[PDB]
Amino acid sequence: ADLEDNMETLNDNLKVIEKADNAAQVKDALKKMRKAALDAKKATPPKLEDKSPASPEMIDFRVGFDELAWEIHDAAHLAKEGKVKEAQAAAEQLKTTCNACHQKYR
């Protein structure tokens, strides 16, 4: 998928998680987020398209999705132990990782 579609998937599933009623719904949404994070890692964002493909900025962009995938994995750990409310709160905390990348490159 392209970068914009992966971002919608990320945004839509944050809300799905917030409103989820059970562990399986949070787990499923978090799995879609991880898939979208890894897929976004393949793109060149518009504001970096003039940079070289392995410029420090493009490396920082790609590693941002590794950081997001690891944070998603911690939240998924909580959902798999059945700690649904703690997983929902960890998911909402993802926004600081979202924001950090946005402030630099979006």
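All residue numbers are counted from 1 along the displayed sequence.
Segment of higher mean CA temperature factor, 90 to 98 or 15 to 23: Mean CA B-factor is higher for 15 to 23.
Check the entry's C-alpha temperature factors for 71 to 79 and 58 to 66, then say which stretch has the higher mean. The deposited B-factors put 71 to 79 ahead on the C-alpha mean.
Going by the CA temperature factor in the PDB record, which third of the chain does residue 41 belong to: lowest, middle or highest? For residue 41, the deposited C-alpha B-factor lands in the highest third.
If you rank the chain by CA B-factor, which third does residue 31 end up in: lowest, middle or highest? Ranked within chain, residue 31 CA B lands in the middle tercile.
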